[PDB]
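Okay, so here's just one chain, in structure tokens, the form deposited in one PDB entry.
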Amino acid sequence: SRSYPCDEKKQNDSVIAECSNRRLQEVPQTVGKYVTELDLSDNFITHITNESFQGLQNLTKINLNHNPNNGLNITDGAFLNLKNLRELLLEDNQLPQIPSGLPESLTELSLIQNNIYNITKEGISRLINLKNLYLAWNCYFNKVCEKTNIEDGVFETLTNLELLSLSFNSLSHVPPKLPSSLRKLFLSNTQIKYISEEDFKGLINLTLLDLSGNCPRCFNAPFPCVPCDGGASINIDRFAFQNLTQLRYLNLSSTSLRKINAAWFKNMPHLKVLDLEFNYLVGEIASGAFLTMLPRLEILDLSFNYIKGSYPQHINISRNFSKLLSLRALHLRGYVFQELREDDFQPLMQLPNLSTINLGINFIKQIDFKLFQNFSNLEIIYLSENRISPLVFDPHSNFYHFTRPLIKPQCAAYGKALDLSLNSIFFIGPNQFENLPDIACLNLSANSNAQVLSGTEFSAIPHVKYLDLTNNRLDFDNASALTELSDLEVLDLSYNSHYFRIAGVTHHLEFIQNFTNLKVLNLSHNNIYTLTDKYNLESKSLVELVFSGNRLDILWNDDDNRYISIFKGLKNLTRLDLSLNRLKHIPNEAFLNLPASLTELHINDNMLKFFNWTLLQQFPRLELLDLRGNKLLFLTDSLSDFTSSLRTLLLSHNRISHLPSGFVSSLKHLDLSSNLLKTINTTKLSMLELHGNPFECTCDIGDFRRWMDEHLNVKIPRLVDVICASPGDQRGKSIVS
């Protein structure tokens, strides 16, 4: 049978029910008995009783987050009948207290983003099987919340607990009687001003300790904060981390630290990640005794440690940075200094495993680029948001660290990456890339660069494979533009316009024919409406062309039909994006001249009023045709006469009111959602999208309903959104039942 209202899926030897965002006012009683994991998040469920999951005895995981989208009423012992429930997520439910009578079988419990101010034995201590306990964000920057009360010895009985998260709660003191089984202790933003010798003594298995946001550096803080009296730092006793021999992660970000006691690391020889951002450590970076205590540190973050009102000429890096033998990544954003000299970075040049140097947001005016060559194995050189000139919310997130890749993985995958985006490189200077290592990935985005590309600018780094030139004012009309980058595979020219042309802008794309290895070209939002001498693009290697945000309506509306074969020369194109080109219709001869090698064609978000389906005959390899967001009214009744390869047909957000007698053995995905269908009058179809249509739920919908029951292989997603528009009697209800 077809599941409702949930989307049941087979996951790793289990059956899962995706039942989120369905507007459900209560727990559905139509859930499969075989289902073991239930996701009911983002609904209007208001009550959970003993008879809420009565027919679902085999459940191991329940997610009730963000319910109801004025709190969630849960009865005492509502979950007690679920003898195999191991993971219960009750986040953002406005709970006033921890639910009474929770099953002892629980190994993972989350109560994040509630109004729980009393952590009691009555609700926690009976759960001896708990391994992960999340109680963060209960008493944070909000009213009614004064202090979180943690009953003495509540966690003492949880001898299997490996993760305890008490972050964003007014604690003021590290809770006593914590179980020695602990591995991760999260105490961020807990108002803990002092850490004593007895606070973590028993935690000999602790691998992660998060103490960030306690005594925050408030002008820099990501959250509304009150600093410790007199702007004081966190007070950590000399022997606080004395028996934390297994520590791998220590987060001390935004703790107003001015001095770092080197004795804190004497017993952690395995510390791998140390987060020291948002502190006052400019002096400690210059003469850090602690640097000699971290031989196994791989990630060091000393970002946003700038001195308020200061813009020093140089960065002072202690020579003891050379004792960080295991270092893989150094993050030094927001130090804010004017010049980087070759000698300032001498301590780092001996680190054999140093692959990332993060110097973003430093406002560096001058860098001696020859210094980068003197590095063992640099892979990422991140210099975004500096001032180099032409050389002639989610509560489960990391709030202090930039976790996303600094450079796009697709770029970095080619080799040594140099990110010089958002700097003052308004033209490419004659010596711009002098003394640079073998750069394979280069970002020069958003530099206000209005260079006239001639074929000499990138000769100093000729092995660039991926070049990002987006959000600039480049002139590439010379047919020799970028030809010095003979190995170029990816070229991003998005959001580009001539700096001075006001009345007429005529593009010359002859340079593209010079590349023997160019595979991806993005000319999006270049506002291209006329071509110069060569009116038609040519390439033997080009695989993908992104032409969105251009004026193909103007080009293909030419009185002389000059742009009738504009992309015919791209003999190996498999992907073409023609979205956002204001197209009302594509001329039959202009469509027939698209490359026959195409497999994915996107003409979405245009204004197409007509589409000659017959022309699909000239494209035997076309598997995806995307026509969403147009104004099409007719569908061909002879689709199998025009295609035998089409697998996906995307047609949502169009004006289709009639499905013709015929709806193609190749077609697997048919998207007809958000159209104007009132009714639907052996296939190999695996998905049919129909939500958003004005279905008329009279006896006429019965034939289609019978079709839905015979073909259970055809997955119809979002059945709660396949709704009756008429009659008034059925309006709002789903076409099912």
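Start at 1 with the first residue shown and count on from there. Only the largest set of C-alpha atoms that superpose within 1.5 Å between the two forms is called the rigid core.
Student: Given the other compared entries that model the residues flanking it, would you say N12 is unmodelled in at least one third?
Tutor: Other entries vs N12: at least a third skip it.
Student: Compared with other deposited entries of this protein, is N65 missing coordinates in at least a third of those that cover its neighbours?
Tutor: No, modelled in all of them.
Student: Which fits the stretch between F663 and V664: none, 1 to 3, 4 to 9, or 10 or more deposited residues lacking coordinates?
Tutor: Gap between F663 and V664: 1 to 3 unmodelled residues.
Student: Between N58 and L59, what class does the number of missing deposited residues fall in: none, 1 to 3, 4 to 9, or 10 or more?
Tutor: Nothing is missing between them.
Student: Going by the mean C-alpha B-factor recorded in the entry, which is higher: 630-638 or 256-264?
Tutor: Averaging CA B-factors over each stretch, the winner is 630-638.
Student: Look up the CA B-factors in the entry and say which stretch, 369-377 or 438-446, has the higher mean.
Tutor: Averaged over C-alpha atoms, the B-factors run higher in 369-377.
Student: Using the entry's values, work out which of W613, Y306, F402, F168 has the largest Cα B factor.
Tutor: Comparing C-alpha B-factors across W613, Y306, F402, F168, the maximum falls on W613.
Student: Per the entry, which of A412, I564, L469, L111 tops the list for Cα B factor?
Tutor: Out of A412, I564, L469, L111, the record gives the largest C-alpha B-factor to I564.
Student: C-alpha B factor of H173, ranked within the chain: lowest, middle or highest third?
Tutor: According to the entry, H173 has a C-alpha B-factor in the chain's middle third.
Student: Within this chain's modelled residues, let me know which third the CA B factor of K131 belongs to: lowest, middle or highest.
Tutor: Lowest third.
Student: Check where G283 lands among this chain's C-alpha B-factors and tell me if it's the lowest, middle or highest third.
Tutor: For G283, whose C-alpha B-factor we compare with every modelled residue in the chain, the answer is the lowest third.
Student: Going by what the PDB entry lists, where does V35 fall on CA B-factor within its chain: lowest, middle or highest third?
Tutor: As the PDB entry reports it, the C-alpha B-factor of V35 lands in the middle third of its chain.
Student: Taking only the Cα B-factors deposited for this chain, tell me whether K193 sits in the lowest, middle or highest third.
Tutor: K193: CA B-factor falls in the middle third of its chain.
The same protein has a further form, the form deposited in another entry, not shown here; the description that follows concerns it.
Student: Determine, with the core as the superposition reference, the one member of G101, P312, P222, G153 that shifts its CA by 2 Å or more between the shown form and the other one.
Tutor: Single hit from the list, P222.
Student: Does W613 shift between the shown form and the other one by 2 angstroms or more at the C-alpha, the core having been superposed?
Tutor: The answer is no; the displacement is under 2 Å.
Student: Any CA movement of 2 Å or more for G504 between the shown form and the other one, core superposed?
Tutor: After core superposition, the C-alpha of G504 moves 2 Å or more between the shown form and the other one.
Student: Superposing on the rigid core, I want to see if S125 changes position between the shown form and the other one - specifically a Cα shift of 2 Å or more.
Tutor: No, because once the rigid core is superposed, the C-alpha of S125 moves less than 2 Å between the shown form and the other one.
Student: With a C-alpha distance change of 3 Å or more, do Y249 and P222 lie closer or farther in the other form?
Tutor: Their C-alpha distance grows by at least 3 Å in the other form.
Student: Knowing the Cα distance between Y499 and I364 changes 3 Å or more in the other form, does it shrink or grow relative to here?
Tutor: Farther apart, by at least 3 Å.
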